[PDB]
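Accompanying notes for the structure given below.
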Amino acid sequence: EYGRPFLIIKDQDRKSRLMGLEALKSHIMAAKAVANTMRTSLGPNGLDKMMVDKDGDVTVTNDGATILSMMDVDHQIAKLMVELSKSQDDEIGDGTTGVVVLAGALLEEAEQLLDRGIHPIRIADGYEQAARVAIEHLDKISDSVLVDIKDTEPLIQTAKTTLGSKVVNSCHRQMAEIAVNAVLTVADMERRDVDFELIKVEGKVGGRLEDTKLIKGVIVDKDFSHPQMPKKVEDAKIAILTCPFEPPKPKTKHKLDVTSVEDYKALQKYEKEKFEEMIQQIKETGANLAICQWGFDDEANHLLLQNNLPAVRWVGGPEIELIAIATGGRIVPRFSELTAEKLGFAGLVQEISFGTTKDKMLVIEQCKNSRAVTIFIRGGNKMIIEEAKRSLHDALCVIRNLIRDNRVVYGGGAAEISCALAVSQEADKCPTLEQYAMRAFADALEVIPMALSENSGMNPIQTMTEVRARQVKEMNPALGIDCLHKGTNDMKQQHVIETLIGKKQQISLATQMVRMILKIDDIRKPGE
Amino acid sequence: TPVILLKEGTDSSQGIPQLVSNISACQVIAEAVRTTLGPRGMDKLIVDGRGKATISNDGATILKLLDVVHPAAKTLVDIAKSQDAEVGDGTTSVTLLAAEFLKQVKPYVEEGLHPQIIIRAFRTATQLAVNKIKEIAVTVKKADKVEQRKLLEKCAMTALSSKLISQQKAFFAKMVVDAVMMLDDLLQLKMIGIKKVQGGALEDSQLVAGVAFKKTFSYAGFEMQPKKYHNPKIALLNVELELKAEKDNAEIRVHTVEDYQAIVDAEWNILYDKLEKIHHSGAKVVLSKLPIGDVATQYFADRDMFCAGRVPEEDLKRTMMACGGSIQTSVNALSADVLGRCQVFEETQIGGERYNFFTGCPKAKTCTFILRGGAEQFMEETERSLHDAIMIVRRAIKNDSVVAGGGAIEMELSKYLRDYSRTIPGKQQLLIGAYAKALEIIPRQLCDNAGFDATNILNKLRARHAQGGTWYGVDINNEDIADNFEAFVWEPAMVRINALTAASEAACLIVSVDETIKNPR
Amino acid sequence: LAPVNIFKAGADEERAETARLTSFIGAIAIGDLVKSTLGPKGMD
Ligand SMILES: Nc1ncnc2c1ncn2[C@@H]1O[C@H](COP(=O)(O)OP(=O)(O)O)[C@@H](O)[C@H]1O
Ligand SMILES: Nc1ncnc2c1ncn2[C@@H]1O[C@H](COP(=O)(O)OP(=O)(O)O)[C@@H](O)[C@H]1O
Ligand SMILES: [Mg+2]
Ligand SMILES: [Mg+2]
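Chains as they are written, first to last, in the deposited numbering: chain D, 11 to 538; chain C, 4 to 471, 482 to 534; chain E, 6 to 49.
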């Protein structure tokens, strides 16, 4: 019956297809490539990447999440790796580049097993069982720290470990202490939750990186509304308003009919009476400085100046609520509702002026116990400011994680080596063809020490074998890679500390993503 | 020839060749989803014109995303959609069944046999098979209050055995069963909310016997009001609370400045009247589908209350059902019988987002899922997998009969039909024989996907069934045959009954077409 | 270069040797552009 070419799928002549191991193999290749891009950016001796945007802008960065975010990729496996990194960033905040390396190593190691005649579902099941064994072993070697305001030393050490890999390491003791102080000032301890809307991070170019400081108050990009107002107050009583300094206006449609001369004169008197009334209402309550969300008028401005009462104009809503929380005041929508109990108190309010430019800034400091805190970043480049912001965010996220759960492990590859030993020891008792998958998991779990050694300039295989032999001989899981060449392999005295939830998340998330990748055998995509 | 009958460009085909071509196309359609069946089934990735990708193991989804344009092939997509609509599980078995029915009778069509004999044979065979399935299915009249949950758990576990969440099926099955023990007597699917939050492990998913929903856009002052309550009263509203014009048709004409000031004060008095009416009822949490202004936000903050605006309608109805109030479009009568009551309200950080939780309601006809994953397609596939189990549990609650899976019922029906065929003479015998032989494509595909030798297993199964072993199917892990009713591989009989009826209907419809005509454009 | 394409059409990547070469060439060119205007006897 001559089965001549007949049409089944629309645009059948242009679409492509891949079936079987070849498709599978292609996926692996893509994954490996992505991992081999990130491998060099791991550890305290890692280097950085420079991304040029689609419009020409330049970004120098070290974060895995940002790196994978700014890349424009076409392969679907690359996009899956990007999303894995983004999810790890979303929950934990640190460890965004270890997870992609681990996933790439896992996929690479699965290749030889696929070549020997193993169903990929079996490989996925073996990986899952090995991951469960590793996670069960991980919390057995973990120690608690203690989270309390009095001591703050373990937290500083943890932040130091997190910041040691960034360009901010020239002053990372200072920044670590800043981060721990900010988190301890903002955090809620009964509910064990922190809120990042109460931490304001902002930077201004110029000066030096060491000029970065912590302000237990507010700082806004505004100034006083009249050029002849005083530039500082020292006993500030803040009145926070949401209504503009204008005569009232109804919202619904309205018309005011003027039908005579007496009506004209009455309206003329009413205007200035309203202005004087609002100024007197502000002054009577005892206030000393006024803050408004909207604009003023010339008459209102001169009346504020003449009555020795400075004011600020056109400040935003989030700034209003931050000032209200910091100074302990309340937000009022009318002058009639202003009372003496609704004023905030601030020890100092100042207008700071930077260098030869015309800009100004307003700082509110010496408040009482405050739930709002600001980080003020300086530096000589814009890229420096951006990277400092990212590093500070990493440190804050790590301290938050320590607040949630207070037990830690030791880094430098000690935890991975111990987990690999446990996985191999367990795999030696499994005879049901699953020992190969477990040994593949154990072998791929050892790419982090090798990457660290290769980046540090040592020889990977010999160093890893020596540390493994020492860990088996002695009975401490705290031996890692001496990256900074301080002589000792012990990470407990070198004070290299990591959170437990970070490690658990890395392992589980990488394993599940690998399992999802292994399941795919077909792919259809249009041509170009 | 001077003037032609039809418009130029009309394409016509008729005879045996077009029927053979249709049968050929159905084979390609069935091959598209052939290797996604069983505990050892893979899944497919499809990319569309815009670039978005989708990864799925569900047959109906894959058939939907394929841009099939062959008129004979569209029937297999239609029957898959119908099976998905009716029972919710079994949308790949029906496709393979229909294709096998066509392929086994292709050679008879080649010999010049009238298709109506084939149609009659198919109808008789389908009737006999459905009657046998209804006869041999296992049921318990007064089972238990505990043996009625275990059956649903086994059904869900079997329904999840070939999906991405197989390894955690024992963890998920339990949950879904609970989900359907709270859904009243109508079992509305809109009463179960599915929420997907990026970041986290698959074992961190949770079920809340209550309600939870995302944070909405908020104005200044939202951060100065409490975020935990112990015995709150909830006011559910459909009223816009902000300073605005009373009506779009309104217009104000005034002659004196005193009346101007009075008009200015009137709007504030109205808004404050609404706010005091809300406050004096004793409520601590207020929710509204319509916006809440900043003045209202600060007013509520100053009196230690919580507010939310622009809440989605489905979430508000779900909250009504969970807590037990009523949506109010007016504030002139907020009685104690129109307010909700929960046991804990909280706002919590979940992986980069803020979620509001109402928990602790024992009178709730609603549950909510929170799914934790690592990428968008991951949670989408998790939800698609859970939907099958939900539908299976709903169907199993009403009619409770169970048959064994793995291919036991296919081989039992095949043996029964073969034993019946030897009785009758003529071409009916050959056609019933072909129908009987077409039913063993399910165990063969299971074995082929697993990676076994299908011939040996099929021979052993046939010998076991002919002797005596009613519930004997394939053991994938032990690579052998085994009793699938003692290994707890259970499924409702509705799945098989509907699959057989739909596949037979599709085959009969495709066989009875004589010619095809295509008009231009 | 790996046979599989990870990037779109028009995207570009330079690795260690080429990256350092490009960066150093650009920096030195910028420096030598403005070297000539330094000191009491520079030109415009
Ligand atoms: N002083 C140190 N000595 C040895 N290893 C270190 C040291 N500081 C950090 N590391 C290692 O660096 C790794 C972290 O890499 P990093 O570049 O910070 O990105 P990420 O934290 O996202 O993985 C950790 O595995 C940790 O063990
Ligand atoms: N534990 C098990 N052992 C053997 N077969 C199983 C098991 N669980 C499910 N199956 C089989 O898997 C088949 C269905 O796979 P699936 O992709 O769900 O197809 P469908 O969606 O059409 O039901 C069923 O025929 C069932 O008998
Ligand atoms: Mg880090
Ligand atoms: Mg199914």
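In this text, a Cβ means the ideal position worked out from N, Cα and C, and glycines have one as well.
1) May I have the straight-line CA-CA distance separating residue 512 (chain D) from residue 93 (chain D), to the nearest angstrom?
2) How is the alpha helix (DSSP H) around residue 447 (chain D) delimited, first residue to last?
3) Taking Cβ positions, are residue 148 (chain C) and residue 60 (chain C) nearer each other than 8 Å?
4) With a CB to CB cut of under 8 Å and the five nearest residues on each side skipped, what residues in its chain are close to residue 56 (chain D)?
5) Under the DSSP definition of a beta bridge, which residues are partnered with residue 83 (chain D)?
6) So the alpha helix (DSSP H) residue 466 (chain C) belongs to, where does it begin and stop?
7) Just curious, the alpha helix (DSSP H) that residue 71 (chain D) is in, first and last residue?
8) At the 8 Å Cβ level, is residue 403 (chain D) part of the contact set with chain C, yes or no?
9) Where does residue 302 (chain D) fall in DSSP's three states?
10) Tell me the rounded alpha-carbon separation between residue 535 (chain D) and residue 9 (chain E).
11) At the level of alpha carbons, what is the spacing between residue 288 (chain D) and residue 375 (chain D)?
12) Quick one, which of C:164, C:112, C:140 and C:79 has its alpha-carbon nearest residue 391 (chain C)'s?
13) Among residues of its own chain, excluding the 5 on either side of residue 347 (chain C), which ones have a beta-carbon nearer than 6 Å to its beta-carbon?
14) Does ligand 1 have a heavy atom nearer than 7 Å to the CB of residue 45 (chain E)?
15) Name the chain D residues whose beta carbon is nearer than 9 Å to that of residue 26 (chain C)?
16) Just mark residue 33 (chain E) as buried or exposed, buried being the case when its beta carbon has 16 or more other beta carbons within 10 Å.
17) For a minimum of 4 consecutive residues, which ranges assigned as the alpha helix (DSSP H) are wholly contained in the stretch 92-129 of chain C?
18) Can you grab the Cα-Cα spacing for the pair residue 240 (chain C) / residue 291 (chain C), in whole Å?
19) Can you give, in chain order, each stretch of the alpha helix (DSSP H) that sits fully within the stretch 165-198 of chain C and has at least 4 residues?
20) Taking 8 Å as the CB-CB limit, is residue 23 (chain D) close to chain E?
21) What residues in the stretch 67-94 of chain C bring their beta carbon closer than 8 Å to a beta carbon of chain D?
22) By alpha-carbon positions, which one of C:526, C:87 and C:275 ends up nearest to residue 343 (chain D)?
23) In the DSSP assignment, what are the bridge partners of residue 479 (chain C)?
24) Verify the CB distance criterion: does residue 36 (chain D) have a CB-CB separation below 8 Å to chain E?
25) Classify residue 73 (chain C) as buried or exposed, calling it buried when 16 or more other Cβ atoms lie within 10 Å of its own Cβ.
26) When DSSP labels each residue in this structure, what does residue 534 (chain D) get in the three-state scheme?
27) In chain E, which residues lie with their C-beta within 7 Å of the C-beta of residue 88 (chain D)?
28) For the stretch 255-266 of chain D, enumerate the residues whose C-beta is nearer than 7 Å to any C-beta of chain C, in chain order.
29) Under 8 Å, with one C-beta from each stretch per pair, do the stretch 167-182 of chain D and the stretch 378-389 of chain D reach the 3-pair mark?
30) From residue 396 (chain C) to residue 79 (chain C), what distance separates their C-alpha atoms?
31) Is residue 252 (chain D) a contact residue of ligand 2, with contact defined as CB to any heavy atom under 7 Å?
32) Report all residues from its chain with a CB closer than 6 Å to the CB of residue 506 (chain C); omit the five preceding and five following residues, and keep chain order.
33) Looking at residue 447 (chain D) and residue 124 (chain D), is the spacing between their C-beta atoms short of 8 Å?
34) Tell me the DSSP bridge mates of residue 371 (chain C)?
35) Going along chain C, which residues have a C-beta under 9 Å from residue 490 (chain D)?
36) Using 10 angstroms around the beta-carbon of residue 308 (chain C), count the other beta-carbons present and answer buried if the total reaches 16, otherwise exposed.
If we stick to the structure as given:
1) 17 Å
2) 445-454
3) No. Outside cutoff.
4) Cβ contact annotation for residue 56 (chain D) (same chain, cutoff 8 Å, sequence separation greater than five): 50, 72, 175 and 465, in chain order.
5) By DSSP's assignment, residue 83 (chain D) forms a beta bridge with E:12.
6) 457-469
7) Premise fails: residue 71 (chain D) lies in the beta strand (DSSP E), 68-71, not in any alpha helix (DSSP H).
8) no
9) strand
10) 15 Å
11) Going from the Cα of residue 288 (chain D) to the Cα of residue 375 (chain D) covers about 28 Å.
12) C:164
13) 362 and 363
14) no
15) Residues of chain D passing the Cβ test: none, with the nearest at roughly 10 Å.
16) exposed
17) 96-113
18) 5 Å
19) 172-183
20) no
21) 69, 70, 71, 72, 73 and 76
22) A check of alpha carbon separations from residue 343 (chain D) across C:526, C:87 and C:275 identifies C:275 as the nearest.
23) Here chain C is numbered 471 followed immediately by 482, so the structure offers no position for residue 479 (chain C).
24) yes
25) buried
26) Collapsing the DSSP output to three states places residue 534 (chain D) in a strand.
27) Within chain E, the residues near residue 88 (chain D) are 11.
28) Those residues of the stretch 255-266 of chain D that come within reach of chain C (Cβ to Cβ, closer than 7 Å) are 258, 260, 261, 262, 263, 264, 265 and 266.
29) no
30) Cα to Cα, the separation comes out at about 26 Å.
31) Every heavy atom of ligand 2 is 7 Å or more from the Cβ of residue 252 (chain D), so no.
32) Taken in chain order, the residues that qualify are 136, 140, 404 and 406.
33) No, the Cβ-Cβ distance between residue 124 (chain D) and residue 447 (chain D) is not below 8 Å.
34) C:196 and C:211
35) Under a criterion of Cβ atoms nearer than 9 Å, no residue of chain C is adjacent to residue 490 (chain D); the nearest Cβ is some 26 Å distant.
36) By the 10 Å Cβ count, residue 308 (chain C) comes out buried.
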